[PDB]
Amino acid sequence: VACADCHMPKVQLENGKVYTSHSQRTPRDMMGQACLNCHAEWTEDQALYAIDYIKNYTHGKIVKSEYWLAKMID
Amino acid sequence: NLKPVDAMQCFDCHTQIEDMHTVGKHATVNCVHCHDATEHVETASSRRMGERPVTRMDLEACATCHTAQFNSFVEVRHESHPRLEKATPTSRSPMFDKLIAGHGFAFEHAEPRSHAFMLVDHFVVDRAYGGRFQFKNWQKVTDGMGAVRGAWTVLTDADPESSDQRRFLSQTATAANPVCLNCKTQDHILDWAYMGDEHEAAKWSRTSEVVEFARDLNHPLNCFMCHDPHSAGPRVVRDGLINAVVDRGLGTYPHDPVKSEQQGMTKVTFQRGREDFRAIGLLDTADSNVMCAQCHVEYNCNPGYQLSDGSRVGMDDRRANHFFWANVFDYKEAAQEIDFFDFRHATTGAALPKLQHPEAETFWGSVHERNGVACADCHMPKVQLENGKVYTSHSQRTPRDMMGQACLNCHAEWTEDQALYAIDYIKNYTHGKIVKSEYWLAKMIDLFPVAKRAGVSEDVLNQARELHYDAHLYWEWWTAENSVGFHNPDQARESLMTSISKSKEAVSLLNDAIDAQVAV
Amino acid sequence: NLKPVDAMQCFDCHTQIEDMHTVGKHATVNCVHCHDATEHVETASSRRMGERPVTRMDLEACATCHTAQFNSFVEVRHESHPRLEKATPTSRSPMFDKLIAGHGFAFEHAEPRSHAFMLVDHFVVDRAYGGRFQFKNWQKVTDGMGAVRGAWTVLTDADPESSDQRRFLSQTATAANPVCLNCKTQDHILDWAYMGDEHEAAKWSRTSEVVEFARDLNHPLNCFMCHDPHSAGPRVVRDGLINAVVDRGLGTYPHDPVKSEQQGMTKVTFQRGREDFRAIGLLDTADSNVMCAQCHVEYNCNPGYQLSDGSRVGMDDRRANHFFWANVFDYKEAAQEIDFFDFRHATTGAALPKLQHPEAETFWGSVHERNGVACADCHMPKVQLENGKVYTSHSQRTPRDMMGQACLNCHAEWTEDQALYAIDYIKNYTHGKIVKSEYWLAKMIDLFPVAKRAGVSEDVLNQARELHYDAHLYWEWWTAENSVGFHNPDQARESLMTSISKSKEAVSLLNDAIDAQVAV
Amino acid sequence: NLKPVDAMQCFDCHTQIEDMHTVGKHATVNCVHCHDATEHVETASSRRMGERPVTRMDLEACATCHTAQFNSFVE
Ligand code: HEC
Ligand code: HEC
Ligand code: HEC
Ligand code: HEC
Ligand code: HEC
Ligand code: HEC
Ligand code: HEC
Ligand code: HEC
Ligand code: HEC
Ligand code: HEC
Ligand code: HEC
Ligand code: HEC
Ligand code: HEC
Ligand code: HEC
Ligand SMILES: O=N[O-]
Ligand SMILES: O=N[O-]
Ligand SMILES: O=N[O-]
Ligand SMILES: O=N[O-]
Ligand SMILES: [Ca+2]
Ligand SMILES: [Ca+2]
Ligand SMILES: [Ca+2]
Ligand SMILES: [Ca+2]
C-alpha cells in the first residue's frame, strides 16, 4: 500500500473517465475509496473506530511521555 | 504513445484546415490526436484523396485534454425517469393514443432522458426498427458511459443476416430512416452529403437502407457538433439548420434582424473532387440557442404527403430533411410553403402535421430570449467553485438541479423555493390547458364515426377535417415541447385556447349535422 | 407459568408426530407451548379423539422463543399506501371499471399492504361481505399488532344476529366464500378437510356459510404456514398448491424437472377415524418460491361457469378451489383443461377469465429464477449486523427498503440509484404497455353496443367475444401481477403486445361489420 | 492564442530533452505550452545559451489540458 491509496485515491464514478484525485487529505473524507474497498468486512463507522483506537492509545502515550519529560526538565 | 505528424505537410494540400487550425486555440494540437493519415499522405494528390485517412469520431478523443467537460457530459441523471411512455394519465399526454392514431408515435413515445443515451434510445424504441435492436440485457439500460463508448457495445441485433426494416414483435413500427440519425450522432459527418442528397462521395444518403446505416454508427452527440475540432471555435454541423438559417436566408433569429447580424452563422463548404460535398456553420459567438437548435426543433425527417393533391412525398425528396424554422403561429404557413403534411388521422381521415420538440422556436420572443438569455444559462451553466478553475457544465438537464447557478444568480429577490413555485405555476396552468385541449379534441374525434354512420355529407366531414388540422397543431406543439409552457407561457396559453376553440367549432358542426340527419 | 407434559405419553398414540418432533430442531420444545391436552389424554383411544385438545394458532405462540422474526413480521410499512383503489388514473389500472364490468372486483380492488392486515382487509373490503364488517373505528386501520392479535379485536359486525351474506351498503358485493380464507389464515387447519371437501371430521368446507366461518377466524398468515411446528422444517400447508405440485404431478418447477427433483415436496396426510383428512407438503429445502406460492398465484376460489355449455360451477365443485399452476401463455389451455371461466362481461357478453396476482408463475423462467434466486432473496433477506446473531427478516416488502441486502450484494457493479433506475426502466415500459392494452380493450368494448344496435350478426359478435377472452387474459395478467413487469419483463412485453393485437383484430372486425350494416 | 514552435529545431541542440519528449506521453505537447524561447533561438548556438528562454512554473501551464487534476489539487 502507498500514501496515495489512502490520501489521493482514484475517483469512483457511476459514468465517466476515471482520474486520480489530487486533493491530498485524510481518508475520513473518502472512506469508500481509501479504506472500505480493501476492508470489505467493515462499515465506515467500524473503520473509523479502528483508526481512533490507535490514535487515542498513541496520544495517551504522547501525553504521558511529555508528563515525564516535563518532570525531568523541572 | 502518440507521435506527432508534420502538419505543414498536410497544410500543403489542406489550405482551409490550415486557415482554421493555425489561428484558433487548437493551433498546438497535433493532427495525430484525431487522424491516422500515413497511407493517405503517401497516395493523395492535390485533388484526389488516395487512401482514405482514419478520423476518430469518439468523444474520448477530446476527453484526454478536456476530462471535466467529458465527465460532466456523460453523467446520467437518474431522476430523469427512463422509458416513461407519454401516452399515460400520469405523463404528458393522457389522450395521446386517440389523438395521434394513424401515426407511428402511437407505438411508443417516451419522455427524453440524459444525452448519453440518445443513439441507443433511438435504436431500441418500439416505433423505430420493428424491435430489431435491444440492449444486450435489461441491466445495460443504466450504462451511460457504455452507450457513449459505442451503441454496439451495449446493443444486440435480432438478425445480423438481413438488413430490411421489418417487425420482430407485433406492436412495433419501422419509422426510422437515415435522416433521424443526424440528430443522434455525427459519426457519419464525412460520409453524408449536405442534406443527405445523392452524391458520388457519400456512402449514406436519405435513400439508404437505414438498418445498414445504423450498424455503422456508434457515438451520441459528438463533442464536435458544437465545437470546430480545427479552430476550437463555436459552430453547428446540422445540415437542416444551416439550410434554414443560411440557404433560405432566414437568419439565426428570424424575428430579430439585428440579433441575427450580431449572432450570425457563416457557411463553410468542403469539396470532394472539386464539387461541393458537406458544410458547417461557424458561429459569430458561442451562442447555445443556435447550437441546441441543431436538434431541439420542429422538423421533417420522414416521408409524408402533399396538402395540394394527397400524393406521396418520399425520402428521395428534399422535404424529407427540413427545418421549418417557424413558431407555432407561423407553422401552418411554413407547412403550406413546402406543400406537406405528415399523416392522415386513423379515425377522422384528416390530413395532420406531426410536431416534434420545438424548444428553439418556442423560446423566440419570450421574455428571457428578448433579454439575451440562452439555453445554456439555464441548462448547462458555469460551475461555481470555492477554489478552482471555472469550466462550463456539460450535463444538460433541468435547472432544478442547479438553481443557484441557473436562476438565483439572476433572480436575487427569490429563494430556491420561490423560484420553483414560479416554474410550477406556469407548468400547472399550461398542463391544465393541454388536458382541456385533449378533452375537446377527443370529443370531436369521437363524433366522426357517429357522423359518418348517420350519413353526414363529405362536404361537412371535410370542413371538420380542416378544423382538425388547426385543433391538432395548436395542441400538439405543447405536448411535443418539453418545458410544459415555461419557455413561452403567453404563447402556450394563446395557442392552447385556439386549439380548444377549433375543436369546439368542429364539435358544434358535427353535432348539428348529425342531428339534421336524424331529424330527416 | 407453563408446566411441561410427558410427550412420550402422546407419542404412544401419535407416531407421525413422534417421527417429526424427535428428529428436528424442536425436539426440546414441549407440547404445552401449543397444546392443552389434559382431558384429551384422559379420554382418547388409539383411534378415537375423545375430548378435543386445544391447539394455539396465535403467532405469539412462536414469539416467545422467536421474538426477532415475530417483530419483523408484524412491522407495518406505512409507505405502502393503504386502501388505495386500483381503478384510478394514478394507480395500476386506469380503465379497470370498463374492462372488468360484470365482475365483483368492480366494487373495490385496492393495492396490497403489509401482511399483518391480510385477514382484516379481506373482511372489510367492499367486494367481500356486503359491508357487514368494519374496523371498530377509522383509527384502527393503523393497528398491525392489533390485527395480528386477532381480527375480532379490531372489527365489528353490523348484525351479529344473522349469518347470511347480504348487502349492508348499496355499492358492495358478497364475493367472499370459504375458499378465500385459505390464503388469509390457517386458524382452520384442523377444521378443514383437504381441498375443502365435505368430510365428517370437518366443521368447515367449501359449502359453509362464510359469515359463520369468518367469525371463527382470527390470525393472519400463521407462522406455521411455512414452518412445521413439530419438526421446525420447511413446508407448505395450502391444499390447492399440494394438489397442483403432488396430486397432479406437475412438480414444484413445472418447466424444470431437474430443479423439481432437487427442490421437491413430500405430501404427508393426517387421518381422522382412519380416513384421510388433511395434508401438508414438506419441502426438500427452505425454498421461499414454493412457500410464497401458497398465496401469490393465479387461482380459482369462487363459483363460475363452464366454457363448453355455459352452465354454473358452484362452491360444491372441486374446481372452486384450484391452482392453475400455469404461466400466462399456458393459462388458456389450463382453463380449458377444467372447462371453466369466471364471468360474462357486462357490456360485451364475452365469457372471460379473472386473473389474480400470479407472481409465482410469472417468476418461472425469468433470468433470476433460472439463476436460483428466490422471492426471499429480494423480499425478506438476511439482516446485516455489525455485531450480532444473523436472522432472516420476516417483513416481506419491496427491496427498495433494503437495497444493500436485496440487490447490491449480488450487483456489486451498481450503486443504489443505478439499481432503482433499472427497476424503474422495466416498470415504466411495462406500465405504458398496460395503458395501451387498456386503451385498445376499451375501444373494442365501446364498439359492442354500437354493433348490437346497428344489427350486427350474432356470429360476428361471437367471433369478437372469442377475441375478447384473449385480449383480456393477455392484459389482466399484468394488472393482477404486482411487480409491474419486473419479475419477467420479456414475458410481460410479449403478452401485452398480444393483448393489443387481439383487441385491434376485434376492433377491425366490429368496425367493418357496423359499416356494412350501415351501407345496407 | 499559442502558436507552436518548431520542436525539431530545438532538438538540434537539446538531445537530452529530445530523448525524453519524443518517447513519453507528451510527445505531441509543443514546447510553447511552457517555454518562451523566441529570442533564445535567435541568439543561441549549441555551445552558447544566448538570450535565456523563459520557462513557466505556474500550475496553470498544466491546468489547460489537466483541469480535473488541477481542480482537485487546489481544493
Ligand atoms: C492507509 C493505509 C494510509 C497510508 C498508506 C498512509 N496514510 Fe497517512 N494517514 C492515514 C490515516 C487513517 C490518518 C489519520 C487521518 C485522520 O483523519 O485521523 C493518516 C494521517 C496522515 C496525515 C495527517 C492528515 C490529517 O489528519 O489531516 C499526513 C500528512 C499523512 N497521513 C501523510 C502520509 C504520507 C506522506 C504517506 C505515505 C508515506 C501516508 N500518509 C500513508 C492513512 C494512511
Ligand atoms: C506528487 C506529490 C504529485 C504532484 C505534485 C502531482 N501529481 Fe499528478 N499524479 C500523482 C500520482 C501518485 C498519480 C497516480 C499515478 C498512478 O498511476 O497511480 C498522479 C496522476 C496524474 C495524471 C494521470 C491521470 C490520472 O491518473 O489522473 C495526470 C494528468 C496528473 N497526475 C496531473 C497533475 C497535475 C496537472 C498536477 C499539478 C496540479 C499534478 N498532477 C500534481 C502525483 C502527483
Ligand atoms: C495533397 C497531396 C494532400 C496531403 C499532403 C494530405 N491530404 Fe488529406 N486529403 C486530400 C484530398 C484531395 C482529399 C479529399 C478532399 C479534398 O479536399 O479534395 C483529402 C481528404 C482528407 C480527409 C477527409 C477524409 C474523409 O474521410 O473524407 C482528412 C481527415 C484528411 N484528408 C487529413 C489529412 C491529414 C491529417 C494530412 C497530414 C497528415 C493530410 N490529409 C495530407 C489531399 C491531401
Ligand atoms: C490536447 C492535446 C487537446 C485535445 C485532444 C483537444 N483539445 Fe480542445 N483545447 C486544448 C487547449 C490547449 C486549448 C486552449 C486552452 C486555453 O484556454 O487556452 C483548447 C481549447 C478548446 C476550446 C475552447 C475554445 C475557445 O474558447 O475558443 C474548446 C471548445 C475545445 N478545446 C474543444 C475540443 C473538442 C470538442 C475536442 C475533441 C474533438 C478537443 N478540444 C480536443 C487542448 C486539446
Ligand atoms: C442532437 C444531436 C441534440 C443536440 C445538439 C442537443 N440535444 Fe438535448 N436531447 C437530444 C435527444 C435525442 C435527447 C433525448 C435523449 C434520450 O435518450 O432520451 C435530448 C435530451 C435533452 C434533455 C433532457 C435530459 C434529461 O435529464 O431528461 C435536456 C434538458 C436537453 N436535451 C437540453 C439540450 C440543451 C440545453 C442543448 C444545447 C446545449 C441540447 N440539448 C442539445 C438531442 C440533442
Ligand atoms: C433533430 C431535428 C431530430 C430528428 C431528425 C430526430 N430526432 Fe429524435 N429526438 C430529438 C430531440 C431534441 C429529442 C429529445 C426531446 C424529446 O422531446 O424527446 C429526441 C428524442 C428521441 C427519442 C427519445 C424519446 C422518445 O420519443 O421515445 C427517440 C426514441 C427518438 N428521438 C427517435 C427518433 C427517430 C426514430 C427519428 C427519425 C424518425 C428521430 N428521432 C428524429 C431530435 C431529433
Ligand atoms: C453543443 C450542444 C455542445 C456540445 C455537444 C459540446 N459542448 Fe462544449 N461547450 C458548449 C457551450 C455552450 C460552451 C460554453 C461557451 C461559452 O463561452 O459560454 C462550451 C464550452 C467548452 C469548453 C471551454 C471551457 C469551458 O467553458 O468549459 C471546452 C474545452 C468544451 N466545451 C469541450 C467539450 C467537449 C470535450 C465536449 C464533448 C464531451 C463538448 N464540449 C460538447 C457547447 C457544447
Ligand atoms: C431559463 C430562463 C431557461 C432557458 C433560457 C431555457 N430553458 Fe429549457 N427549461 C427551463 C425550465 C424552468 C424547464 C422546466 C424544468 C423542470 O424541471 O420543470 C425547462 C425544460 C426544458 C426541457 C425538458 C427538461 C426536463 O424537464 O427534464 C428541455 C429539453 C429544455 N428545456 C430545452 C431548452 C432549449 C433547447 C433551450 C434553448 C432553445 C432552453 N431550454 C432554454 C428553463 C430554461
Ligand atoms: C391415544 C390414547 C392418544 C394419546 C395418549 C394422545 N392422543 Fe392426541 N389424538 C388421538 C386420536 C385418535 C386423535 C384423532 C386423530 C388421529 O390421529 O386419529 C388425536 C388428535 C390430536 C390432535 C388434533 C386435534 C384436532 O383438533 O384435530 C392434537 C393436537 C393432539 N391429538 C395432541 C395430543 C397431545 C399434545 C398429547 C399428549 C399430551 C396427545 N394428543 C395424546 C389419540 C391420542
Ligand atoms: C421455545 C420454547 C420455542 C418455541 C415456543 C418455538 N420454537 Fe422454534 N426453535 C426453538 C429452538 C431452541 C430452535 C433451534 C435453534 C437452533 O438453531 O438450534 C428452534 C428452531 C426453529 C426454526 C429453524 C428450524 C431449522 O432451521 O431447521 C424455525 C423455522 C422455527 N423454530 C419456527 C418456530 C415456529 C413457526 C414456532 C411457532 C409455531 C416456533 N418455532 C416455536 C425454540 C422454540
Ligand atoms: C397467503 C397466506 C400469503 C402467503 C404465504 C404470502 N403472502 Fe404476501 N400477501 C398476501 C396478502 C393477502 C397480501 C395483501 C395484504 C393486505 O392486507 O393488503 C400480501 C402482500 C404482500 C406484499 C405487499 C406488502 C406491502 O408493503 O404492500 C409483498 C411484497 C408480499 N406479500 C410478498 C410475499 C413474499 C415474498 C412471500 C413469501 C415469503 C409472501 N408474500 C407470502 C398473502 C400471502
Ligand atoms: C391465494 C391463492 C388467495 C385466495 C384464494 C384469495 N386471495 Fe386475496 N390475496 C391474495 C394475495 C397474494 C394478495 C396480495 C396481492 C394482491 O395482488 O392483492 C391478496 C389480497 C387481497 C386483498 C387486499 C387487496 C384488494 O384486492 O383489495 C383483499 C381485500 C383480498 N385479497 C380478498 C379476497 C377475497 C374476498 C377472496 C375470495 C374471493 C380472496 N381474497 C382469495 C391471495 C389470495
Ligand atoms: C413463509 C411465507 C414464512 C412464514 C409465514 C414465516 N416464515 Fe420464518 N422463515 C421463512 C424463510 C424463507 C426463512 C429462511 C430460511 C432460509 O434458510 O433461508 C425463515 C426462517 C425462520 C427462522 C430461522 C432463523 C432465521 O433465519 O431467522 C425462524 C426461527 C423463523 N423463520 C420463525 C418464524 C416465525 C416465529 C414466524 C411467524 C411470525 C415465521 N417464521 C413465519 C419463511 C416464513
Ligand atoms: C429480486 C430479483 C426479486 C425476486 C427474486 C422477486 N421479486 Fe417480487 N419484486 C421485485 C421488485 C424489484 C419489485 C418492484 C418493487 C418496487 O418497489 O418497485 C417487486 C415487487 C413485488 C410485489 C409488489 C411489491 C410492492 O411494490 O409493494 C410482490 C407482492 C412481489 N414482488 C412478490 C414476489 C414473490 C411472491 C416472489 C417469488 C415468487 C418474488 N416477488 C420474487 C424483486 C423480486
Ligand atoms: O426501410 N428501408 O430503409
Ligand atoms: O424523436 N425525435 O424527435
Ligand atoms: O353465501 N353464503 O355463504
Ligand atoms: O384477492 N385476493 O386474490
Ligand atoms: Ca426527461
Ligand atoms: Ca414534424
Ligand atoms: Ca403495496
Ligand atoms: Ca382466477
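Using Swiss-Prot numbers, chain D covers 33-107, in order.
Recorded method is X-ray crystallography, 1.9 Å.
Yeah, the Cβs are placed from backbone N, Cα and C, and that goes for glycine too.
As given in Swiss-Prot:
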- D:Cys42, D:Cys45, D:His46, D:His72: heme 1 binding site (BINDING)
- D:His58, D:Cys94, D:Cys97, D:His98: heme 3 binding site (BINDING)
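What Swiss-Prot annotates, mapped onto the structure for a quick look.
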residue: D:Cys42; record: heme 1 binding site; contacts (Cβ under 8 Å, 6+ apart): D:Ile49, D:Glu50, D:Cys63, D:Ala69, D:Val73
residue: D:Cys45; record: heme 1 binding site; contacts (Cβ under 8 Å, 6+ apart): D:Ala76, D:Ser77, D:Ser78
residue: D:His46; record: heme 1 binding site; contacts (Cβ under 8 Å, 6+ apart): none
residue: D:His58; record: heme 3 binding site; contacts (Cβ under 8 Å, 6+ apart): none
residue: D:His72; record: heme 1 binding site; contacts (Cβ under 8 Å, 6+ apart): D:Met81, D:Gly82, D:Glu83, D:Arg84, D:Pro85
residue: D:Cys94; record: heme 3 binding site; contacts (Cβ under 8 Å, 6+ apart): D:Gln101, D:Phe102
residue: D:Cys97; record: heme 3 binding site; contacts (Cβ under 8 Å, 6+ apart): D:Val61
residue: D:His98; record: heme 3 binding site; contacts (Cβ under 8 Å, 6+ apart): none
Could you give the maximum C-alpha to C-alpha distance in Å for the residues D:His58, D:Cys94, D:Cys97, D:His98 that bind heme 3 per the record?
12
Using the centroid of the Cβ atoms of D:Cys42, D:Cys45, D:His46, D:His72 as reference, list every other same-chain residue with Cβ within 8 Å of it (recorded heme 1 site), in sequence order.
D:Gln41, D:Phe43, D:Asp44, D:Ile49, D:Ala69, D:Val73, D:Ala76, D:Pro85
Is any of the binding-site residues D:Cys42, D:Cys45, D:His58, D:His72, D:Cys94, D:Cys97 near chain B, in the sense of a CB under 8 A from one of its CBs, and if so which?
D:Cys97
Conformational class of D:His72 (heme 1 binding site) under the three-state DSSP mapping
helix
